[PDB]
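Undergrad: The structure follows.
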Amino acid sequence: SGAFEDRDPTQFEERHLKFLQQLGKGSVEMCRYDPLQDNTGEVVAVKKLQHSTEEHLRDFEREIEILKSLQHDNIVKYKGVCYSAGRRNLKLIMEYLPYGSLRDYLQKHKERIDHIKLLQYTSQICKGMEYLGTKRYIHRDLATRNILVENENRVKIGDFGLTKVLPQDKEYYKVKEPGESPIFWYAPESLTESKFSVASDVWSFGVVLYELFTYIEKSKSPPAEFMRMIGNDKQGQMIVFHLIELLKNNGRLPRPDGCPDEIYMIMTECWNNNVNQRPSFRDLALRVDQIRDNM
Ligand SMILES: O=C(Nc1nccc2[nH]c(-c3c(Cl)cccc3Cl)nc12)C1CC1
């Protein structure tokens, strides 16, 4: 009955997006996009909300804009949007990464992980973060659970739902928000003052590096280790009070078993209370690639 002109490959048609699997609960599904009706098509990941409140939808739209603005080998690829429920709902379309989160990959695929691989992932994470800096984006949620694995040789930063954009003349973003924070990845100034910056991303990167070198041994996770240092029985605000006091006076995650001193030195430089003395992501990428190249 109708003629058709497609001038926007970023608009995925609801009727052609076919369910493959539930990936985790926002919630993410794996789907097949099959406009040619032939039982094939590209496999994609689809992110949807739980509640489309004026607030959550505005945030979701901002996350979509953020992801769309990014094009880099070490950042999850934006593919498009689907305006489902007859154009009364919104879903984000992105590339599907077969190995899932780095946290899970390290846990489930120890057979294929050595220090060479760990430094390769470290390098790629720094380069993705360098790229975010050029956009003046502050991620605020760097952790191995939020980094995704394409294959043995490539990891990508995901999870842009907390990302903030710095105005031209500003060097930090103060954000007070209700609910739970990933406190064991937070820099001291984020804990005490809700201040986020490239330098606070560098602090969190230090924790990521720690996570890599612990191989996600369940007992060695940042929450497990900090809670052991703080006291395992502590609950609620008391945890935060003790974490802050600990960090302000140089309490730090321990060197993981089998971690070279030079790699631990990188973590400890990231974990500087003095914001301005933390290294840049460019400094880190160079140092890590030089370590890699010098063997
Ligand atoms: O889930 C998989 N791959 C994935 N591909 C593409 C995008 C993906 N986003 C996630 C994801 C999930 Cl479900 C929960 C929390 C945090 C993240 Cl970052 N996972 C994604 C593989 C394991 C089946």
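Going through the structure tokens in order, the chains are called A, B, and so on, while each chain numbers its residues from 1 and the ligands are numbered from 1 in the order shown.
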Find the spatial neighbours of residue A:154, counting only C-alpha atoms, within a cut-off of 9 Å - ignore same-chain residues fewer than 5 positions away - and output them as a list in words.
TA: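 After dropping sequence-adjacent residues, the list is residues 73, 74, 120, 121, 124, 148 and 149 of chain A.
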Undergrad: Write as a ChimeraX atom specification the residues around ligand 1, taking 10 Å as the cut-off and counting only C-alpha atoms and all ligand atoms.
TA: /A:21-30,44-47,76-77,93-105,143-150,156-160
Undergrad: Taking only C-alpha atoms into account, which of A:244, A:175, A:162, A:275 comes nearest residue A:67?
TA: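 Ranked by minimum distance to residue A:67, first place goes to A:162.
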Undergrad: Kindly give the distance, in Å, that separates atom CA of residue A:66 and atom CA of residue A:273, rounded to a single decimal.
TA: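 Between atom CA of residue A:66 and atom CA of residue A:273 the gap works out to 29.2 Å.
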Undergrad: Just checking: using only C-alpha atoms, which residue out of A:15, A:164, A:255, A:56 ends up closest to residue A:225?
TA: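 Distance minimum relative to residue A:225 lands on A:255.
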Undergrad: One number please: atom CA of residue A:166 to atom CA of residue A:178, in Å, one decimal.
TA: 20.9 Å
Undergrad: Which is closer to residue A:277 than all the others in A:203, A:60, A:137, A:210, using only C-alpha atoms?
TA: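 With only C-alpha atoms as the atom set, the closest residue is A:203.
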Undergrad: In stretch 3-199 of chain A, what's alpha helix (DSSP H) per DSSP? Answer as an mmCIF file with N, CA, C and O atoms, in the first residue's frame?
TA:
data_model
loop_
_atom_site.group_PDB
_atom_site.id
_atom_site.type_symbol
_atom_site.label_atom_id
_atom_site.label_comp_id
_atom_site.auth_asym_id
_atom_site.auth_seq_id
_atom_site.Cartn_x
_atom_site.Cartn_y
_atom_site.Cartn_z
ATOM 1 N N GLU A 54 8.942 11.661 34.481
ATOM 2 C CA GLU A 54 9.573 12.824 33.867
ATOM 3 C C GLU A 54 11.089 12.863 34.140
ATOM 4 O O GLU A 54 11.875 13.135 33.231
ATOM 5 N N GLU A 55 11.487 12.507 35.364
ATOM 6 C CA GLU A 55 12.891 12.501 35.768
ATOM 7 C C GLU A 55 13.708 11.381 35.096
ATOM 8 O O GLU A 55 14.746 11.662 34.479
ATOM 9 N N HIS A 56 13.238 10.136 35.208
ATOM 10 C CA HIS A 56 13.989 8.986 34.701
ATOM 11 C C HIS A 56 14.108 9.001 33.188
ATOM 12 O O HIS A 56 15.147 8.606 32.652
ATOM 13 N N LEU A 57 13.052 9.459 32.509
ATOM 14 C CA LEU A 57 13.075 9.592 31.048
ATOM 15 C C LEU A 57 14.028 10.681 30.590
ATOM 16 O O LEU A 57 14.748 10.476 29.611
ATOM 17 N N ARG A 58 14.012 11.841 31.266
ATOM 18 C CA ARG A 58 14.965 12.919 30.974
ATOM 19 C C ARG A 58 16.412 12.430 31.108
ATOM 20 O O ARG A 58 17.264 12.762 30.275
ATOM 21 N N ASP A 59 16.672 11.657 32.164
ATOM 22 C CA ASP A 59 18.002 11.088 32.405
ATOM 23 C C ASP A 59 18.368 10.077 31.336
ATOM 24 O O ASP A 59 19.503 10.060 30.891
ATOM 25 N N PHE A 60 17.396 9.250 30.944
ATOM 26 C CA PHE A 60 17.593 8.246 29.910
ATOM 27 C C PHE A 60 17.890 8.915 28.573
ATOM 28 O O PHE A 60 18.827 8.516 27.876
ATOM 29 N N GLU A 61 17.137 9.963 28.232
ATOM 30 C CA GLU A 61 17.410 10.721 27.001
ATOM 31 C C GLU A 61 18.823 11.341 26.977
ATOM 32 O O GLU A 61 19.471 11.365 25.928
ATOM 33 N N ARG A 62 19.286 11.812 28.135
ATOM 34 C CA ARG A 62 20.628 12.373 28.270
ATOM 35 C C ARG A 62 21.705 11.294 28.109
ATOM 36 O O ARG A 62 22.729 11.552 27.475
ATOM 37 N N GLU A 63 21.449 10.105 28.672
ATOM 38 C CA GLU A 63 22.341 8.938 28.504
ATOM 39 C C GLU A 63 22.465 8.533 27.037
ATOM 40 O O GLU A 63 23.566 8.198 26.548
ATOM 41 N N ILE A 64 21.331 8.547 26.339
ATOM 42 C CA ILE A 64 21.301 8.239 24.911
ATOM 43 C C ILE A 64 22.133 9.248 24.118
ATOM 44 O O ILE A 64 22.958 8.852 23.273
ATOM 45 N N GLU A 65 21.931 10.532 24.403
ATOM 46 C CA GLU A 65 22.703 11.593 23.741
ATOM 47 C C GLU A 65 24.202 11.458 24.010
ATOM 48 O O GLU A 65 25.023 11.603 23.087
ATOM 49 N N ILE A 66 24.544 11.153 25.258
ATOM 50 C CA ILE A 66 25.938 10.912 25.636
ATOM 51 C C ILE A 66 26.520 9.757 24.826
ATOM 52 O O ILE A 66 27.553 9.949 24.182
ATOM 53 N N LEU A 67 25.845 8.597 24.814
ATOM 54 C CA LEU A 67 26.372 7.432 24.100
ATOM 55 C C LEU A 67 26.507 7.716 22.604
ATOM 56 O O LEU A 67 27.509 7.361 21.987
ATOM 57 N N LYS A 68 25.512 8.397 22.035
ATOM 58 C CA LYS A 68 25.522 8.727 20.604
ATOM 59 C C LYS A 68 26.715 9.632 20.213
ATOM 60 O O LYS A 68 27.269 9.510 19.109
ATOM 61 N N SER A 84 9.088 2.354 20.828
ATOM 62 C CA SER A 84 8.143 1.248 20.905
ATOM 63 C C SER A 84 6.801 1.664 21.558
ATOM 64 O O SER A 84 6.614 2.839 21.922
ATOM 65 N N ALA A 85 5.878 0.701 21.686
ATOM 66 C CA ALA A 85 4.484 0.932 22.161
ATOM 67 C C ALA A 85 3.777 2.000 21.318
ATOM 68 O O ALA A 85 3.168 2.935 21.851
ATOM 69 N N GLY A 86 3.880 1.862 19.996
ATOM 70 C CA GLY A 86 3.329 2.840 19.061
ATOM 71 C C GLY A 86 3.886 4.230 19.293
ATOM 72 O O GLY A 86 3.134 5.218 19.298
ATOM 73 N N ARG A 87 5.207 4.305 19.507
ATOM 74 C CA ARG A 87 5.903 5.575 19.687
ATOM 75 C C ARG A 87 5.583 6.258 21.039
ATOM 76 O O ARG A 87 5.761 7.466 21.192
ATOM 77 N N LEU A 102 33.277 -7.227 32.470
ATOM 78 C CA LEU A 102 34.628 -7.625 32.807
ATOM 79 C C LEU A 102 34.678 -8.331 34.161
ATOM 80 O O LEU A 102 35.413 -9.315 34.325
ATOM 81 N N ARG A 103 33.872 -7.855 35.113
ATOM 82 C CA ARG A 103 33.791 -8.489 36.433
ATOM 83 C C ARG A 103 33.452 -9.985 36.311
ATOM 84 O O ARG A 103 34.127 -10.827 36.923
ATOM 85 N N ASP A 104 32.435 -10.297 35.500
ATOM 86 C CA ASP A 104 31.992 -11.679 35.277
ATOM 87 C C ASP A 104 32.986 -12.486 34.454
ATOM 88 O O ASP A 104 33.259 -13.642 34.782
ATOM 89 N N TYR A 105 33.502 -11.877 33.382
ATOM 90 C CA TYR A 105 34.512 -12.499 32.519
ATOM 91 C C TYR A 105 35.734 -12.966 33.321
ATOM 92 O O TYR A 105 36.220 -14.084 33.128
ATOM 93 N N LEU A 106 36.243 -12.099 34.195
ATOM 94 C CA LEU A 106 37.408 -12.446 35.022
ATOM 95 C C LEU A 106 37.112 -13.629 35.929
ATOM 96 O O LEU A 106 37.969 -14.483 36.134
ATOM 97 N N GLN A 107 35.884 -13.659 36.439
ATOM 98 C CA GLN A 107 35.394 -14.687 37.354
ATOM 99 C C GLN A 107 35.216 -16.025 36.618
ATOM 100 O O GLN A 107 35.632 -17.067 37.123
ATOM 101 N N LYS A 108 34.649 -15.975 35.410
ATOM 102 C CA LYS A 108 34.237 -17.170 34.636
ATOM 103 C C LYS A 108 35.257 -17.703 33.614
ATOM 104 O O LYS A 108 35.115 -18.825 33.108
ATOM 105 N N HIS A 115 48.664 -11.834 33.227
ATOM 106 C CA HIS A 115 49.023 -10.422 33.449
ATOM 107 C C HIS A 115 49.135 -9.606 32.170
ATOM 108 O O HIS A 115 48.775 -8.430 32.171
ATOM 109 N N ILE A 116 49.593 -10.227 31.082
ATOM 110 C CA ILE A 116 49.639 -9.573 29.774
ATOM 111 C C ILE A 116 48.258 -9.077 29.342
ATOM 112 O O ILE A 116 48.126 -7.926 28.894
ATOM 113 N N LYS A 117 47.251 -9.948 29.476
ATOM 114 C CA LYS A 117 45.860 -9.609 29.174
ATOM 115 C C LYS A 117 45.359 -8.499 30.098
ATOM 116 O O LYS A 117 44.686 -7.576 29.642
ATOM 117 N N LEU A 118 45.694 -8.591 31.388
ATOM 118 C CA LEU A 118 45.251 -7.602 32.369
ATOM 119 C C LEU A 118 45.769 -6.209 32.035
ATOM 120 O O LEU A 118 45.027 -5.242 32.134
ATOM 121 N N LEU A 119 47.034 -6.127 31.622
ATOM 122 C CA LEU A 119 47.628 -4.836 31.242
ATOM 123 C C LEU A 119 47.051 -4.311 29.933
ATOM 124 O O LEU A 119 46.894 -3.107 29.775
ATOM 125 N N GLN A 120 46.744 -5.217 29.001
ATOM 126 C CA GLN A 120 46.056 -4.839 27.759
ATOM 127 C C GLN A 120 44.672 -4.213 28.066
ATOM 128 O O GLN A 120 44.316 -3.172 27.485
ATOM 129 N N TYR A 121 43.908 -4.832 28.978
ATOM 130 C CA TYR A 121 42.585 -4.286 29.356
ATOM 131 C C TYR A 121 42.729 -2.945 30.055
ATOM 132 O O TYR A 121 41.946 -2.030 29.791
ATOM 133 N N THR A 122 43.746 -2.837 30.913
ATOM 134 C CA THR A 122 44.058 -1.600 31.654
ATOM 135 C C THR A 122 44.320 -0.459 30.676
ATOM 136 O O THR A 122 43.806 0.651 30.837
ATOM 137 N N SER A 123 45.136 -0.754 29.668
ATOM 138 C CA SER A 123 45.487 0.224 28.636
ATOM 139 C C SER A 123 44.252 0.717 27.869
ATOM 140 O O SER A 123 44.066 1.929 27.668
ATOM 141 N N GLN A 124 43.407 -0.226 27.449
ATOM 142 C CA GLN A 124 42.196 0.094 26.684
ATOM 143 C C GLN A 124 41.216 0.949 27.503
ATOM 144 O O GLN A 124 40.616 1.905 26.990
ATOM 145 N N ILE A 125 41.072 0.609 28.781
ATOM 146 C CA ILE A 125 40.245 1.390 29.708
ATOM 147 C C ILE A 125 40.782 2.825 29.837
ATOM 148 O O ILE A 125 39.989 3.775 29.787
ATOM 149 N N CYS A 126 42.103 2.990 29.984
ATOM 150 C CA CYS A 126 42.677 4.352 30.029
ATOM 151 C C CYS A 126 42.408 5.156 28.758
ATOM 152 O O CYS A 126 42.115 6.341 28.833
ATOM 153 N N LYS A 127 42.539 4.511 27.600
ATOM 154 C CA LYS A 127 42.320 5.180 26.306
ATOM 155 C C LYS A 127 40.857 5.598 26.101
ATOM 156 O O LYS A 127 40.587 6.701 25.619
ATOM 157 N N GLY A 128 39.926 4.730 26.496
ATOM 158 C CA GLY A 128 38.498 5.098 26.515
ATOM 159 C C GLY A 128 38.245 6.293 27.424
ATOM 160 O O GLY A 128 37.500 7.207 27.077
ATOM 161 N N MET A 129 38.882 6.293 28.594
ATOM 162 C CA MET A 129 38.749 7.418 29.524
ATOM 163 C C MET A 129 39.405 8.709 29.014
ATOM 164 O O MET A 129 38.855 9.799 29.229
ATOM 165 N N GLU A 130 40.557 8.593 28.339
ATOM 166 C CA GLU A 130 41.150 9.759 27.658
ATOM 167 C C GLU A 130 40.146 10.382 26.692
ATOM 168 O O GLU A 130 39.982 11.603 26.667
ATOM 169 N N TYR A 131 39.498 9.527 25.898
ATOM 170 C CA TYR A 131 38.497 9.967 24.916
ATOM 171 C C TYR A 131 37.314 10.685 25.597
ATOM 172 O O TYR A 131 36.914 11.763 25.149
ATOM 173 N N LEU A 132 36.799 10.130 26.703
ATOM 174 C CA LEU A 132 35.733 10.824 27.475
ATOM 175 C C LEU A 132 36.140 12.221 27.927
ATOM 176 O O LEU A 132 35.326 13.150 27.872
ATOM 177 N N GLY A 133 37.398 12.363 28.344
ATOM 178 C CA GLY A 133 37.947 13.652 28.785
ATOM 179 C C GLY A 133 37.899 14.731 27.714
ATOM 180 O O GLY A 133 37.653 15.912 28.023
ATOM 181 N N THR A 134 38.106 14.334 26.455
ATOM 182 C CA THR A 134 38.042 15.267 25.321
ATOM 183 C C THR A 134 36.640 15.827 25.117
ATOM 184 O O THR A 134 36.475 16.880 24.500
ATOM 185 N N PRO A 188 37.791 10.346 47.999
ATOM 186 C CA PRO A 188 37.379 10.981 49.273
ATOM 187 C C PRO A 188 36.531 12.239 49.096
ATOM 188 O O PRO A 188 35.587 12.429 49.856
ATOM 189 N N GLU A 189 36.836 13.072 48.086
ATOM 190 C CA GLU A 189 36.061 14.308 47.861
ATOM 191 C C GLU A 189 34.661 14.044 47.305
ATOM 192 O O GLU A 189 33.751 14.856 47.485
ATOM 193 N N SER A 190 34.487 12.906 46.634
ATOM 194 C CA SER A 190 33.163 12.473 46.207
ATOM 195 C C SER A 190 32.342 11.991 47.401
ATOM 196 O O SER A 190 31.145 12.258 47.479
ATOM 197 N N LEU A 191 32.988 11.279 48.323
ATOM 198 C CA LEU A 191 32.338 10.845 49.548
ATOM 199 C C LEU A 191 31.937 12.009 50.451
ATOM 200 O O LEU A 191 30.804 12.050 50.948
ATOM 201 N N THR A 192 32.861 12.941 50.655
ATOM 202 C CA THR A 192 32.668 14.026 51.632
ATOM 203 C C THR A 192 31.890 15.214 51.063
ATOM 204 O O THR A 192 31.118 15.839 51.784
ATOM 205 N N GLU A 193 32.095 15.520 49.783
ATOM 206 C CA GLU A 193 31.561 16.754 49.183
ATOM 207 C C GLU A 193 30.705 16.556 47.924
ATOM 208 O O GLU A 193 30.237 17.536 47.351
ATOM 209 N N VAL A 198 37.459 14.617 36.446
ATOM 210 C CA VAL A 198 38.349 13.651 35.789
ATOM 211 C C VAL A 198 39.228 12.971 36.846
ATOM 212 O O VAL A 198 39.437 11.759 36.798
ATOM 213 N N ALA A 199 39.702 13.746 37.822
ATOM 214 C CA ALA A 199 40.558 13.198 38.873
ATOM 215 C C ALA A 199 39.864 12.172 39.773
ATOM 216 O O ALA A 199 40.517 11.233 40.263
#
Undergrad: Using DSSP on the backbone coordinates, identify the residues of stretch 50-292 of chain A assigned to strand (DSSP E or B); present them as a ChimeraX atom specification.
TA: /A:75,78-82,91-95,101,137-138,147-151,154-157,164-165,173-174,195-196
Undergrad: Neighbours of residue A:270 within 7 Å (only C-alpha atoms; same-chain residues fewer than 3 positions away dropped), as a list in words?
TA: residues 202, 203, 206, 266, 267, 278 and 279 of chain A
